[PDB]
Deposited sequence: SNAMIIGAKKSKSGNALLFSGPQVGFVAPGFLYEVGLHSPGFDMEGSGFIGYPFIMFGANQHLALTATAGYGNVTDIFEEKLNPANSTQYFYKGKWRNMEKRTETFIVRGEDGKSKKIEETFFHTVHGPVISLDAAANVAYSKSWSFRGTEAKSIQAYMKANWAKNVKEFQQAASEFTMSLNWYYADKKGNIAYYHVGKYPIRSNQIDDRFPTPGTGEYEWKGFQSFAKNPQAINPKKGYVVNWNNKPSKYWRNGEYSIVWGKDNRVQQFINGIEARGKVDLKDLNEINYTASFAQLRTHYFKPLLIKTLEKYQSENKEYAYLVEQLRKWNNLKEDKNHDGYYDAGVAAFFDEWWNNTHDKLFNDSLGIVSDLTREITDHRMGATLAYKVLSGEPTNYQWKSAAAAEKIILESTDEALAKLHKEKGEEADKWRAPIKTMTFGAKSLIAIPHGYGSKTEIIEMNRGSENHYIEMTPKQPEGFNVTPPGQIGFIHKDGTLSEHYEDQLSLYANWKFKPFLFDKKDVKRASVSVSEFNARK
């Protein structure tokens, strides 16, 4: 998910701006539900996740809000020491303790119905999620928000009812799960909060690994909200986020793999810093760039170019590749909708990267790549690969500088050889067919909730909805899109609601509908 908030000094109009882009996948019916809510002293328009009695992306009379997943450290796994005589007992604070036991029945549709029974266990730390019987260990899972999910619902409802920074910040302080919250108001203020209840951990443990559950390494309460990363009206004049790190010294234990030097939020940083004052049209251009960028270009294309230039006197193919790489705008886009990405050299670069990643790590991590490929080739960045290829300090010496340069060159020669064999020598012949997607029947909760849609759209690294909001003195104004459509109803006879997928064309074509707030405008929409 991505987000931007723009303060009054960085906005062309002098009004604070907000941009939302939650990434929750693409399904039909959609993951989001758009609504307008109006009662005395409470007027709000926007969307929330399906089933939520509150708006998460949108604006009330006074403020606009959005959110991105925090990736803060709110889950810890405890390694329970089991009694070798009784595997339902674990050692905790000096004595054997009994696990809580629960029998659950599952009715399974054949075919007729079957009845399955399973037993589930709880320790003082939480549910037992895994067993290492060979080590006489059970793993239990502690959530910092266990039992406070309803308090988080209440905090979001209070954010909807809030009228100013103080009230919004009070709601933020009550939210117990790990999110980033973003705020913009009609007075020009912006604010950022990394919300959640973060535990005070033992200083004797490495928080990248499970904690021993014997009682000496328990959480010691939660830190005050004032210690959560947060800022009102930051000096830079704006905040951008694409699930990246909140602040320099904020840690998230086992999931640090998402907060490295190479991070996809660079696309938003680059776009804001390339501009002076901005408007909503500028924010949309930045979303477009982020949505189509080949994210490895930011750090890896300069490295590739520099390497090829050292040898273009030897290899006559390298000067051509350098020219094509330099002119390429780093996007995989299809502006003419002809079904092929517009830059042929992007196909080369994709294959170069795949070859390079494999050569970098196959001979050391190949044997663990079932766990490490998702780290070293992560969708948010490839920090370790960049450090190895650029010669920057690492704890392990993965490759000498000479070996790293040979990898870059060999990956180039292999990618070019394959393209020359199968397509030809001119980059225009290398253009790859676009990847497409549909709004399907199964969301991230991994169960079917409908029948989906067969309409194919180009893949975009983009929010599942977008709001663009300007907090003008009169009211929030702007535009948005909430694909595939508002209404998920399919009649028994097969007739789809007229509003089942009538926003897919808007989404696919970078068009939007007006953000409605004034009742006089609502009646004429």
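Positions of the deposited sequence absent from the coordinates, in order: 111-112, 528-538.
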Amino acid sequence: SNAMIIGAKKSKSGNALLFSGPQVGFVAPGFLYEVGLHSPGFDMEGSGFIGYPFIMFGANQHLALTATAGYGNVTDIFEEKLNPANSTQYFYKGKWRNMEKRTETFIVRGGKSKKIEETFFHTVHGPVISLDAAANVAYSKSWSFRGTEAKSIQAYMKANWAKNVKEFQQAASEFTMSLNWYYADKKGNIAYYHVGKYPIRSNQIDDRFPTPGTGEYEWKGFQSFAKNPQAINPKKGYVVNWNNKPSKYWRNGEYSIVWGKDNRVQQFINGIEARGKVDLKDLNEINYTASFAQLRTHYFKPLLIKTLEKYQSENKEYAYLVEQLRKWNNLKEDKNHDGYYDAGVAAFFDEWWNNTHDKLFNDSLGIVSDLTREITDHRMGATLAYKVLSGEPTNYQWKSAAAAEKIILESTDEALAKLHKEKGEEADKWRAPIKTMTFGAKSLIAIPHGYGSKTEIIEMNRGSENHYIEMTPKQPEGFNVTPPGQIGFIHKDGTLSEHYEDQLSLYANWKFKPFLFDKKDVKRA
From here on, numbers count along this sequence of modelled residues.
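Comparing 426-434 with 219-227, the stretch with the higher mean C-alpha B-factor in the PDB entry is 426-434.
Taking the mean C-alpha B-factor of each stretch as recorded, 108-116 and 439-447 are not equal, and the higher mean is that of 108-116. Comparing the listed residues 383, 354, 315, 294, the entry records the largest Cα B-factor for 315. Between the residues 76, 405, 254, 350, the entry's highest C-alpha temperature factor is the one at 405. When the CA B factors of the chain's modelled residues are split into thirds, the value for residue 389 lands in the middle one. Remark: residue 490 belongs to the middle third of its chain, ranked by C-alpha B-factor as recorded. When all modelled residues of the chain are sorted by CA temperature factor, residue 416 is found within the highest third. Residue 24: CA B factor in the lowest third of modelled residues in this chain (values from the PDB entry). Remark: residue 508 belongs to the middle third of its chain, ranked by C-alpha B-factor as recorded.
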